[PDB]
Amino acid sequence: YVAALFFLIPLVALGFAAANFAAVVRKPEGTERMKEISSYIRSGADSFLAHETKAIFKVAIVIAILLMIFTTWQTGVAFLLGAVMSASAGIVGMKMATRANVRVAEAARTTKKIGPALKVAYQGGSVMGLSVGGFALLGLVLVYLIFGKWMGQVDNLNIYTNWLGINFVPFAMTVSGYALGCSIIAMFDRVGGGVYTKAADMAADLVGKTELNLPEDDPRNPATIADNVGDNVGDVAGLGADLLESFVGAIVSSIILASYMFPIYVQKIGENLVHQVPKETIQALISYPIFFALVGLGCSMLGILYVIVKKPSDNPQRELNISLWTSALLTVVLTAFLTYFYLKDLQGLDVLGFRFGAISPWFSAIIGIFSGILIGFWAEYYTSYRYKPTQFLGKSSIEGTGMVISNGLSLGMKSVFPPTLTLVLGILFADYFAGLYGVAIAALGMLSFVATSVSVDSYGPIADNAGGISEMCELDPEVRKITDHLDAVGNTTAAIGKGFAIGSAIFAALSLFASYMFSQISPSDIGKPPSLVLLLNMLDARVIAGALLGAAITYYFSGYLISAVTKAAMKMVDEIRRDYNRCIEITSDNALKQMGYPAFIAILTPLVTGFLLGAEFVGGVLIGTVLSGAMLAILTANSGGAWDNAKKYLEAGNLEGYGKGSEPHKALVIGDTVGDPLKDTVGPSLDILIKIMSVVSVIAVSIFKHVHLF
Amino acid sequence: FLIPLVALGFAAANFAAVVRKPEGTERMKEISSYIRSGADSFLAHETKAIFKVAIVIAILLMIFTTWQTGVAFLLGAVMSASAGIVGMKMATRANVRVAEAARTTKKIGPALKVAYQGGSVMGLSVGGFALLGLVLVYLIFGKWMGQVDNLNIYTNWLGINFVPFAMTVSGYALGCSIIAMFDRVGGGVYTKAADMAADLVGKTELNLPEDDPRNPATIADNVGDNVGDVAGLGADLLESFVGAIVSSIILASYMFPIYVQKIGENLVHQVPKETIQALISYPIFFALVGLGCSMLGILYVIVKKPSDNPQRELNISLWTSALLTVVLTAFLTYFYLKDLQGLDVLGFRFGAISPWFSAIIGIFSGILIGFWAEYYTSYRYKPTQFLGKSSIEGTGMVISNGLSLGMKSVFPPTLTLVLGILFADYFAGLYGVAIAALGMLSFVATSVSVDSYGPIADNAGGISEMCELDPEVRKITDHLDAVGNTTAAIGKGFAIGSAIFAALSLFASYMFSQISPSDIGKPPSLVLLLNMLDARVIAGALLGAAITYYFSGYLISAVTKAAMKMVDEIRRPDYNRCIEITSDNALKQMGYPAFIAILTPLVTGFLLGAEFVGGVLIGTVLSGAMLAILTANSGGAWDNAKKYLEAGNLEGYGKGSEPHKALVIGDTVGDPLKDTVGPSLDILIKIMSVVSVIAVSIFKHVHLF
Ligand SMILES: [K+]
Ligand SMILES: [Mg+2]
Ligand SMILES: [Mg+2]
Ligand SMILES: [Mg+2]
Ligand SMILES: [Mg+2]
Ligand SMILES: [Mg+2]
Ligand SMILES: [Mg+2]
Ligand SMILES: [Mg+2]
Ligand SMILES: [Mg+2]
Ligand SMILES: [Mg+2]
Ligand SMILES: [Mg+2]
């Protein structure tokens with residue numbers, strides 16, 4: 001059937017990525033200094049990766065075994081599968097980037113054009129994105145075929161109460177386990193890598209660039225080499241894991257909502273509870289998001305491939321925008337086709353709330369797509385030094401140092417509002433079209449072109465490593481400006497991807513609340529009206545108290561991340577004043593020690609809060625987490641991006657009279673070091689925290705809903 | 001009911017008593033005259049703006065609902081403004097008298113007593129004016145109009161149906177909130193603009209010394225120290241206090257129509273009118289008892305034998321007020337609530353005594369939160385010591401360590417708050433949550449007094465450096481100034497906690513206001529409902545939190561903009577002239593945040609309904625509480641680490657060293673944070689909830705989408 005043709009789509013993406021990987025291997029690169037530094041960086045990064053992989057693999061095996069014990073073993077198997085896909089994607093992307101960084105500089109040098117270097121860097125980012133999408137969708141489709149169909153978990157479609165009092169549909173619990181594995185792996189990777197990279201980057205910019213009076217990414221400074229290794233570890237690898245986790249979370253949330261809507265819609269006629277929604281429609285709505293994602297990945301591949309050969313571009317950011325818009329529009333049209341196919345076979349629209357049937361979530365998905373682009377504009381508007389806010393930041397650089405720090409904080413806080421307003425409008429439209437299911441489909445649509453998003457975002461760190469190499473080689477200030485412009489475009493794309501991830505995570509968390517109350521279902525409650533069950537009162541002191549807790553945990557979590565980054569930076573900065581391996585070891589030891597706590601916190605918070613106060617309190621905690629995490633993520637992303645791009649703005653001498661030697665440049669470097677643990681470490685960790693906490697709550701609520709101490 | 005008059009008379013007697021204290025050296029008199037002139041001019045500008053805004057808002061309240069609502073708005077505004085004016089004038093008079101007591105007697109005791117009397121005038125004025133306005137509201141509207149007697153939802157000429165008394169008390173609280181907003185936002189922007197300008201002129205090539213008479217910004221900085229801590233901090237505390245009492249009253253008034261039972265063909269109120277009236281009057285009597293206990297503690301400390309230890313005396317005042325409130329309110333609660341029918345239906349677990357249990361819980365929560373704030377800001381404890389030691393390692397390192405310190409500091413006080421909320425609820429539902437809110441602020445007078453003691457000490461240390469005081473007397477004044485900064489941090493944390501609980505209770509009262517005539521037949525769980533599974537509640541929740549963040553940022557840019565305008569004005573002596581320029585600029589920039597805080601619930605409700613607004617309130621409360629605790633603790637830790645290195649606790653490094661420069665940069669960063677952003681957040685969380693409570697009766701059914 002056509003299902004096999006769609007199952008081939010992730011495999012086609014992997015083959016295309018291997019060809020791009022072979023193209024970079026075929027690229028000469030090979031600069032003796034760059035080759036030696038890149039080989040050392042690859043050895044250190046792969047060793048750090050291997051150590052972290054062994055430890056996390058042991059812990060993940062334990063968690064999967066616990067999942068098999070508490071709930072069905074297929075759930076633990078899905079947990080392992082998701083962990084495998086995420087781990088593989090990160091490694092593939094990082095190796096491709098380590099090879100590609102030298103190729104970008106050499107391509108810009110040999111052709112004397114920015115276009116070819118842009119193409120090779122975008123190819124590296126595309127390798128990362130294709131690996132992300134293909135691995136996630138391959139694991140998901142294999143799960144669906146093996147457990148849903150071959151085992152018939154969807155066929156029975158019966159909630160089973162196993163030991164410990166957990167009642168679950170087998171297929172729904174399995175997909176929940178897959179999403180949970182992806183979330184745990186992504187959080188571990190991003191936290192450790194980000195702490196390492198941000199400690200190294202902050203130490204380098206603060207002492208080497210400022211105190212040592214050395215250019216950014218100076219070769220003599222050990223913190224600079226540690227920073228480039230960190231860029232590869234945290235910025236390249238963590239990014240793919242975070243984006244993949246958000247994408248998987250959106251899809252899994254839609255699937256869970258659909259799977260749980262089937263047993264819930266019953267009408268008691270003649271003392272008999274009749275399913276208001278037939279099973280076939282529910283199965284179709286379960287399969288719809290997977291085909292949606294496959295179509296979106298195909299459109300992403302088409303857009304990227306067309307853009308690479310379309311035309312040499314003088315502006316990298318413009319080409320990235322072209323790629324994103326093409327992928328989005330192709331997804332829109334082909335999803336219109338898929339949606340038309342689905343609305344033919346949908347006659348239960350009124351019972352599901354769907355205004356235009358399948359077309360309603362498609363509109364919702366379209367809305368989500370549009371919202372992403374609009375958010376992508378706003379973040380860009382607030383992060384790019386071409387626009388008014390970052391120019392205002394440079395004026396504050398003229399106005400004083402405390403003024404710089406204060407105005408940058410103000411800039412991020414001001415930046416939070418417009419994208420959130422656009423997002424609220426999108427939420428309203430998604431609900432108006434197709435209730436909670438269309439909210440989840442809009443979550444999916446926002447990341448429907450996740451491959452292109454990951455590619456455009458990962459294009460940045462390759463440019464950062466290339467700029468570090470150029471600064472080490474003392475490249476011509478015009479060419480150094482070219483690579484710094486590529487790095488600034490990459491930072492802008494990092495902010496854009498952070499916004500995409502947080503917005504999709506919000507929509508997924510809304511659907512996850514719906515699934516949480518879906519899990520709070522009982523056979524007697526199933527007879528009760530569905531709207532009465534789908535109830536989470538804020539007046540109840542438990543729910544309002546939990547919201548305060550989740551907000552406090554979110555803030556306390558943000559400081560613990562900074563304290564970890566500073567502690568390694570503290571040793572490094574004193575180390576520089578007092579040996580690249582020494583700073584690398586300081587960052588590595590601090591990250592490997594600090595990485596354990598945040599994931600354990602994110603996993604154990606719902607259990608403790610539920611066994612202490614019940615399920616309403618846990619719902620409140622989820623609420624507060626969603627809110628504070630979204631806000632802090634947008635703030636940190638946009639503020640750090642604006643700080644770094646203002647530093648690049650003044651490094652490009654756009655500010656008359658003042659250059660790298662001037663004191664405002666040192667103030668901007670300090671501001672960039674302040675925003676570094678924010679944009680690259682705190683913000684993304686917040687959205688990963690939000691989704692992992694929501695998934696854990698959805699799974700574990702069946703125990704402490706009635707087995708709660710107070 | 002005579003107790004508020006006793007508090008007002010007690011403040012007047014202390015005002016007359018301290019005025020009789022000698023003013024001493026003519027030079028000190030001139031410096032105090034500069035400070036007083038600047039403060040009075042700032043007052044005049046803000047008061048003119050406040051008069052215009054208050055007239056407009058009161059007229060709108062009279063039109064939308066009932067004239068009593070606008071009159072109550074005006075009454076609350078008047079009481080708050082009078083308390084603020086009296087307190088600030090008292091402090092401006094008291095600074096030189098404290099300095100002269102320390103100089104002439106060469107002793108810490110008498111100067112401490114005079115400074116405490118100066119702060120006590122402000123605290124007593126706050127308490128007396130607030131409680132007097134409340135008693136007047138009840139006497140005129142509850143009884144003469146018979147609004148309490150009927151205790152029935154009333155449809156006005158515009159067709160809006162609302163319980164009259166609850167709407168009126170909401171209007172009174174709104175007036176108090178408007179005065180608090182003006183004071184805290186405008187004054188804080190002014191204070192940090194002046195403080196930054198003084199430190200900046202000291203730092204820059206054109207050097208005017210900090211805490212020096214020649215510098216106009218230094219005089220403006222001292223005026224601001226008095227403005228923010230005397231007027232603004234007390235304003236925040238009074239707003240939270242009024243919010244707690246009003247929330248309890250609203251809860252009872254709306255509990256009357258909510259708890260109705262249809263038996264056969266007759267609808268009988270599950271809660272009789274007597275129980276509702278008793279629960280309306282209970283928070284007022286609790287607060288009156290707390291004010292009496294606060295006056296007793298203040299009187300004991302002012303007349304206690306002179307002691308060399310000031311912090312012990314302030315703690316004695318606080319503890320005496322708290323314990324007397326605990327015991328006397330135990331008696332009040334047991335005797336007043338014993339004869340009531342229907343407590344179990346409203347959440348009283350242990351009968352009549354349960355709300356008192358909640359209130360004492362609140363008291364304990366307040367003291368514990370103050371401890372946490374101190375622990376994270378004071379250099380005596382580990383975090384600020386670690387910040388000062390890390391100062392050797394770099395400037396960005398200092399900034400990052402301070403950010404991490406604040407974010408880590410947020411957690412323990414919030415844990416205390418969560419435990420207190422859970423226990424207060426377990427005792428007596430949401431009404432007892434509000435009663436715990438009240439108990440935590442039951443001794444608000446002593447809190448405001450101890451808080452206003454601080455800025456007088458800051459001005460005294462500034463004067464000692466300005467007047468080149470004798471190293472023994474200058475050392476005495478420096479010790480008092482350090483004690484004042486510590487107490488300022490403690491009071492700031494306490495204020496943040498009070499604002500948090502007040503916003504929570506106001507949300508509860510908002511949803512109680514979401515009662516409808518048809519809804520009364522439905523089970524009480526159905527009306528007292530704000531489902532999160534609704535897509536509108538989650539969408540609003542994100543919005544209010546984003547607005548809270550945007551609200552914090554606009555303030556930071558405003559302080560820098562005003563400081564530059566002042567600095568250019570300084571380049572253009574006439575301290576009143578530069579202070580007036582700063583006042584005009586800050587009052588002009590204040591309009592946008594005020595429009596945000598007031599109009600967000602209006603627009604969001606008329607667009608999407610009341611569930612969206614409830615979500616907005618939730619997210620705003622959460623994010624504002626977090627950012628307030630963060631900023632307060634971070635600024636306190638930065639300033640105390642700078643003093644730690646000024647106190648040479650870091651071996652080898654003193655004033656002028658590079659770690660000291662990093663700490664100075666961190667302090668300049670934290671000044672617009674602890675003194676401007678945080679308190680404005682505490683005002684925002686509460687004011688948005690109040691506006692929602694009032695306007696929900698309109699936009700609950702008049703919403704576009
Ligand atoms: K970046
Ligand atoms: Mg770099
Ligand atoms: Mg870098
Ligand atoms: Mg960069
Ligand atoms: Mg940098
Ligand atoms: Mg950086
Ligand atoms: Mg000041
Ligand atoms: Mg200062
Ligand atoms: Mg002063
Ligand atoms: Mg001050
Ligand atoms: Mg200070």
# chains A, B, ... in the order shown; residues from 1 in each chain; ligands from 1
call {"tool": "interface_residues", "arguments": {"of": "chain A", "to": "chain B", "cutoff": "7 Å", "atoms": "only C-alpha atoms", "output": "ChimeraX atom specification"}}
result
/A:206,402-403,405-407,409-411,413-414,416-417,420-421,424,427,431,513-514,534-539,541,545,548,551-553,555-556,558-560,562-563,566,570,573-574,627-628,631,670,673-674
call {"tool": "residues_near_ligand", "arguments": {"ligand": "ligand 10", "cutoff": "9 Å", "atoms": "only C-alpha atoms and all ligand atoms", "output": "list in words"}}
result
residues 188, 191, 192, 194, 195, 221, 222, 224, 225, 226, 228, 229, 455, 458, 671 and 675 of chain B
call {"tool": "select_by_dssp", "arguments": {"residues": "segment 308-391 of chain A", "states": "helix (DSSP H, G or I)", "output": "PyMOL selection string"}}
result
chain A and resi 308-310+316-344+349-352+359-383+388-391
call {"tool": "residues_near_ligand", "arguments": {"ligand": "ligand 3", "cutoff": "7 Å", "atoms": "only C-alpha atoms and all ligand atoms", "output": "list in words"}}
result
residues 201, 227, 228, 231 and 464 of chain A
call {"tool": "write_last_selection", "arguments": {"atoms": "N, CA, C and O atoms", "output": "CSV table (one decimal), in the first residue's frame"}}
result
chain,number,residue,atom,x,y,z
A,201,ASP,N,32.8,29.1,27.0
A,201,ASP,CA,32.6,30.4,26.3
A,201,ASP,C,32.6,31.6,27.1
A,201,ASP,O,33.2,32.6,26.8
A,227,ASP,N,35.8,26.3,24.4
A,227,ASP,CA,34.6,26.9,23.9
A,227,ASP,C,34.2,26.3,22.5
A,227,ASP,O,33.0,26.0,22.3
A,228,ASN,N,35.2,26.1,21.6
A,228,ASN,CA,34.8,25.5,20.3
A,228,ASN,C,34.4,24.0,20.5
A,228,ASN,O,33.5,23.6,19.9
A,231,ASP,N,31.0,24.2,21.7
A,231,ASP,CA,30.1,24.5,20.6
A,231,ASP,C,29.7,23.3,19.9
A,231,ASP,O,28.5,23.0,19.7
A,464,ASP,N,30.0,29.2,13.8
A,464,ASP,CA,30.7,29.6,15.0
A,464,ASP,C,32.1,28.9,15.1
A,464,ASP,O,33.1,29.5,15.4
call {"tool": "residues_near_ligand", "arguments": {"ligand": "ligand 4", "cutoff": "7 Å", "atoms": "only C-alpha atoms and all ligand atoms", "output": "PyMOL selection string"}}
result
chain A and resi 464+487-488+491+644
call {"tool": "closest_residue", "arguments": {"among": "A:72, A:621, A:665, A:480", "to": "residue 162 of chain A", "atoms": "only C-alpha atoms"}}
result
A:72
call {"tool": "select_by_dssp", "arguments": {"residues": "segment 187-357 of chain A", "states": "strand (DSSP E)", "output": "PyMOL selection string"}}
result
chain A and resi 266-269+272-275
call {"tool": "atom_distance", "arguments": {"atom1": "atom CA of residue 389 of chain A", "atom2": "atom CA of residue 634 of chain A"}}
result
15.5 Å
call {"tool": "residues_around", "arguments": {"residues": "residue 20 of chain A", "least_positions_apart": "5", "cutoff": "8 Å", "atoms": "only C-alpha atoms", "output": "PDB file with N, CA and C atoms, in the first residue's frame"}}
result
ATOM      1  N   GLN A 123      24.375  22.376   4.361  1.00  0.00           N
ATOM      2  CA  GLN A 123      24.356  20.930   4.166  1.00  0.00           C
ATOM      3  C   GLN A 123      24.665  20.194   5.463  1.00  0.00           C
ATOM      4  N   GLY A 124      25.624  20.698   6.241  1.00  0.00           N
ATOM      5  CA  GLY A 124      25.885  20.090   7.542  1.00  0.00           C
ATOM      6  C   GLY A 124      24.681  20.170   8.467  1.00  0.00           C
ATOM      7  N   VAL A 127      22.139  17.731   7.376  1.00  0.00           N
ATOM      8  CA  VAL A 127      22.443  16.376   7.827  1.00  0.00           C
ATOM      9  C   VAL A 127      21.892  16.165   9.228  1.00  0.00           C
TER      10      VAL A 127
END
call {"tool": "residues_around", "arguments": {"residues": "residue 495 of chain B", "least_positions_apart": "2", "cutoff": "8 Å", "atoms": "only C-alpha atoms", "output": "number ranges by chain"}}
result
B: 233, 236-237, 491-493, 497-499, 682
call {"tool": "residues_around", "arguments": {"residues": "residue 328 of chain A", "least_positions_apart": "4", "cutoff": "7 Å", "atoms": "only C-alpha atoms", "output": "tab-separated table (two decimals) with C-alpha atoms, in the first residue's frame"}}
result
chain	number	residue	atom	x	y	z
A	324	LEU	CA	11.57	27.77	5.75
A	332	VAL	CA	0.38	23.35	3.86
A	369	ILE	CA	2.75	27.16	10.79
A	449	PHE	CA	8.91	21.25	8.90
call {"tool": "closest_atom_pairs", "arguments": {"of": "chain A", "to": "ligand 5", "cutoff": "12 Å", "atoms": "only C-alpha atoms and all ligand atoms", "output": "Markdown table"}}
result
| residue | atom | partner | partner_atom_place_in_ligand_line | distance |
| --- | --- | --- | --- | --- |
| A:197 | CA | ligand 5 | 1 (Mg) | 10.3 |
| A:198 | CA | ligand 5 | 1 (Mg) | 8.8 |
| A:199 | CA | ligand 5 | 1 (Mg) | 11.0 |
| A:200 | CA | ligand 5 | 1 (Mg) | 9.9 |
| A:201 | CA | ligand 5 | 1 (Mg) | 6.0 |
| A:202 | CA | ligand 5 | 1 (Mg) | 7.2 |
| A:203 | CA | ligand 5 | 1 (Mg) | 9.9 |
| A:204 | CA | ligand 5 | 1 (Mg) | 8.3 |
| A:205 | CA | ligand 5 | 1 (Mg) | 6.3 |
| A:206 | CA | ligand 5 | 1 (Mg) | 9.5 |
| A:208 | CA | ligand 5 | 1 (Mg) | 11.5 |
| A:209 | CA | ligand 5 | 1 (Mg) | 9.7 |
| A:210 | CA | ligand 5 | 1 (Mg) | 11.8 |
| A:215 | CA | ligand 5 | 1 (Mg) | 11.1 |
| A:216 | CA | ligand 5 | 1 (Mg) | 7.5 |
| A:217 | CA | ligand 5 | 1 (Mg) | 8.5 |
| A:218 | CA | ligand 5 | 1 (Mg) | 11.8 |
| A:223 | CA | ligand 5 | 1 (Mg) | 11.5 |
| A:224 | CA | ligand 5 | 1 (Mg) | 9.8 |
| A:227 | CA | ligand 5 | 1 (Mg) | 8.9 |
| A:228 | CA | ligand 5 | 1 (Mg) | 10.3 |
| A:230 | CA | ligand 5 | 1 (Mg) | 11.7 |
| A:231 | CA | ligand 5 | 1 (Mg) | 10.2 |
| A:461 | CA | ligand 5 | 1 (Mg) | 11.3 |
| A:464 | CA | ligand 5 | 1 (Mg) | 9.0 |
| A:465 | CA | ligand 5 | 1 (Mg) | 11.3 |
| A:467 | CA | ligand 5 | 1 (Mg) | 10.9 |
| A:468 | CA | ligand 5 | 1 (Mg) | 10.2 |
| A:484 | CA | ligand 5 | 1 (Mg) | 10.5 |
| A:487 | CA | ligand 5 | 1 (Mg) | 9.8 |
| A:488 | CA | ligand 5 | 1 (Mg) | 10.0 |
| A:491 | CA | ligand 5 | 1 (Mg) | 9.9 |
| A:640 | CA | ligand 5 | 1 (Mg) | 9.8 |
| A:641 | CA | ligand 5 | 1 (Mg) | 10.0 |
| A:642 | CA | ligand 5 | 1 (Mg) | 11.7 |
| A:643 | CA | ligand 5 | 1 (Mg) | 9.3 |
| A:644 | CA | ligand 5 | 1 (Mg) | 6.3 |
| A:645 | CA | ligand 5 | 1 (Mg) | 9.3 |
| A:646 | CA | ligand 5 | 1 (Mg) | 10.9 |
| A:647 | CA | ligand 5 | 1 (Mg) | 8.3 |
| A:648 | CA | ligand 5 | 1 (Mg) | 9.0 |
| A:651 | CA | ligand 5 | 1 (Mg) | 11.6 |
| A:668 | CA | ligand 5 | 1 (Mg) | 10.0 |
| A:669 | CA | ligand 5 | 1 (Mg) | 7.5 |
| A:670 | CA | ligand 5 | 1 (Mg) | 9.6 |
| A:671 | CA | ligand 5 | 1 (Mg) | 9.6 |
| A:672 | CA | ligand 5 | 1 (Mg) | 6.0 |
| A:673 | CA | ligand 5 | 1 (Mg) | 6.8 |
| A:674 | CA | ligand 5 | 1 (Mg) | 10.0 |
| A:675 | CA | ligand 5 | 1 (Mg) | 9.2 |
| A:676 | CA | ligand 5 | 1 (Mg) | 7.2 |
| A:677 | CA | ligand 5 | 1 (Mg) | 10.7 |
| A:679 | CA | ligand 5 | 1 (Mg) | 11.3 |
| A:680 | CA | ligand 5 | 1 (Mg) | 10.7 |
call {"tool": "residues_around", "arguments": {"residues": "residue 298 of chain A", "least_positions_apart": "6", "cutoff": "9 Å", "atoms": "only C-alpha atoms", "output": "PDB file with N, CA and C atoms, in the first residue's frame"}}
result
ATOM      1  N   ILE A   9       9.958   7.256   3.516  1.00  0.00           N
ATOM      2  CA  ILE A   9      10.369   8.658   3.563  1.00  0.00           C
ATOM      3  C   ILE A   9      11.483   8.905   4.576  1.00  0.00           C
ATOM      4  N   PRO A  10      11.403   8.419   5.824  1.00  0.00           N
ATOM      5  CA  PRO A  10      12.558   8.589   6.724  1.00  0.00           C
ATOM      6  C   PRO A  10      13.815   7.911   6.212  1.00  0.00           C
ATOM      7  N   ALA A  13      15.420  10.121   3.645  1.00  0.00           N
ATOM      8  CA  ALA A  13      16.114  11.232   4.289  1.00  0.00           C
ATOM      9  C   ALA A  13      17.491  10.811   4.783  1.00  0.00           C
ATOM     10  N   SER A 327       9.304  25.156   2.598  1.00  0.00           N
ATOM     11  CA  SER A 327       8.911  23.944   3.309  1.00  0.00           C
ATOM     12  C   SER A 327       7.522  24.097   3.916  1.00  0.00           C
ATOM     13  N   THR A 331       4.220  21.937   2.825  1.00  0.00           N
ATOM     14  CA  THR A 331       3.519  21.188   3.861  1.00  0.00           C
ATOM     15  C   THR A 331       2.049  21.576   3.913  1.00  0.00           C
ATOM     16  N   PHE A 449       7.670  21.188   9.650  1.00  0.00           N
ATOM     17  CA  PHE A 449       8.914  21.252   8.897  1.00  0.00           C
ATOM     18  C   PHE A 449      10.086  21.253   9.868  1.00  0.00           C
TER      19      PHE A 449
END
call {"tool": "residues_around", "arguments": {"residues": "segment 481-484 of chain B", "least_positions_apart": "5", "cutoff": "10 Å", "atoms": "only C-alpha atoms", "output": "tab-separated table (two decimals) with N, CA, C and O atoms, in the first residue's frame"}}
result
chain	number	residue	atom	x	y	z
B	310	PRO	N	20.41	47.69	68.74
B	310	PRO	CA	19.16	48.09	68.04
B	310	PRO	C	18.37	46.92	67.46
B	310	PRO	O	17.14	46.89	67.58
B	311	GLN	N	19.05	45.98	66.80
B	311	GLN	CA	18.35	44.86	66.16
B	311	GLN	C	17.53	44.07	67.16
B	311	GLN	O	16.42	43.62	66.86
B	450	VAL	N	9.46	49.49	61.11
B	450	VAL	CA	10.81	48.95	60.99
B	450	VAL	C	11.34	49.18	59.58
B	450	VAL	O	12.54	49.44	59.39
B	451	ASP	N	10.47	49.12	58.58
B	451	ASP	CA	10.90	49.33	57.20
B	451	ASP	C	11.28	50.79	56.96
B	451	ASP	O	12.29	51.07	56.32
B	452	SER	N	10.48	51.73	57.48
B	452	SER	CA	10.77	53.14	57.30
B	452	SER	C	11.95	53.60	58.15
B	452	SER	O	12.50	54.68	57.90
B	453	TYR	N	12.33	52.82	59.17
B	453	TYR	CA	13.55	53.15	59.92
B	453	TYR	C	14.79	53.11	59.03
B	453	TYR	O	15.74	53.87	59.26
B	454	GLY	N	14.79	52.25	58.01
B	454	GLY	CA	15.96	52.03	57.18
B	454	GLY	C	16.42	53.23	56.36
B	454	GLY	O	17.59	53.62	56.42
B	455	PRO	N	15.52	53.81	55.57
B	455	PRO	CA	15.93	54.97	54.75
B	455	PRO	C	16.42	56.15	55.56
B	455	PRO	O	17.27	56.90	55.08
B	456	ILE	N	15.89	56.34	56.77
B	456	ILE	CA	16.42	57.37	57.64
B	456	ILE	C	17.88	57.07	57.98
B	456	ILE	O	18.72	57.97	58.02
B	457	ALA	N	18.20	55.80	58.23
B	457	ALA	CA	19.59	55.42	58.48
B	457	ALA	C	20.46	55.61	57.24
B	457	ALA	O	21.63	55.99	57.35
B	458	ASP	N	19.90	55.35	56.05
B	458	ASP	CA	20.66	55.56	54.82
B	458	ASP	C	20.97	57.04	54.64
B	458	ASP	O	22.10	57.42	54.32
B	459	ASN	N	19.96	57.90	54.85
B	459	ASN	CA	20.18	59.34	54.79
B	459	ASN	C	21.16	59.79	55.87
B	459	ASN	O	21.95	60.71	55.65
B	460	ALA	N	21.12	59.15	57.05
B	460	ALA	CA	22.03	59.53	58.12
B	460	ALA	C	23.48	59.18	57.78
B	460	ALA	O	24.39	59.97	58.05
B	461	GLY	N	23.71	58.01	57.18
B	461	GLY	CA	25.05	57.69	56.73
B	461	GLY	C	25.51	58.59	55.60
B	461	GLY	O	26.67	59.02	55.56
B	462	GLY	N	24.60	58.90	54.67
B	462	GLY	CA	24.92	59.87	53.64
B	462	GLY	C	25.29	61.22	54.21
B	462	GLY	O	26.24	61.85	53.75
B	475	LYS	N	31.04	56.36	62.78
B	475	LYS	CA	30.98	54.91	62.89
B	475	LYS	C	29.65	54.45	63.48
B	475	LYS	O	29.09	53.44	63.05
B	476	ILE	N	29.13	55.18	64.47
B	476	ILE	CA	27.82	54.86	65.03
B	476	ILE	C	26.76	54.94	63.94
B	476	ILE	O	25.93	54.03	63.78
B	489	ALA	N	16.32	44.78	53.47
B	489	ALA	CA	16.22	43.51	52.76
B	489	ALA	C	15.14	42.61	53.37
B	489	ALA	O	14.33	42.01	52.65
B	490	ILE	N	15.11	42.52	54.70
B	490	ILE	CA	14.13	41.66	55.37
B	490	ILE	C	12.71	42.12	55.06
B	490	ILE	O	11.84	41.32	54.69
B	640	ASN	N	25.34	43.80	49.44
B	640	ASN	CA	26.00	43.34	50.65
B	640	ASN	C	27.36	42.73	50.37
B	640	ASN	O	28.23	42.76	51.23
B	643	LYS	N	29.59	45.77	50.10
B	643	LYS	CA	29.92	46.18	51.46
B	643	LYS	C	30.86	45.18	52.14
B	643	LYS	O	31.71	45.58	52.94
call {"tool": "closest_residue", "arguments": {"among": "B:133, B:70, B:84, B:351", "to": "residue 164 of chain B", "atoms": "only C-alpha atoms"}}
result
B:70
call {"tool": "closest_residue", "arguments": {"among": "B:523, B:292, B:573, B:679", "to": "residue 320 of chain B", "atoms": "only C-alpha atoms"}}
result
B:292
call {"tool": "atom_distance", "arguments": {"atom1": "atom CA of residue 92 of chain A", "atom2": "atom CA of residue 44 of chain A"}}
result
15.9 Å
call {"tool": "closest_residue", "arguments": {"among": "A:235, A:525, A:540, A:687", "to": "ligand 2", "atoms": "only C-alpha atoms and all ligand atoms"}}
result
A:235
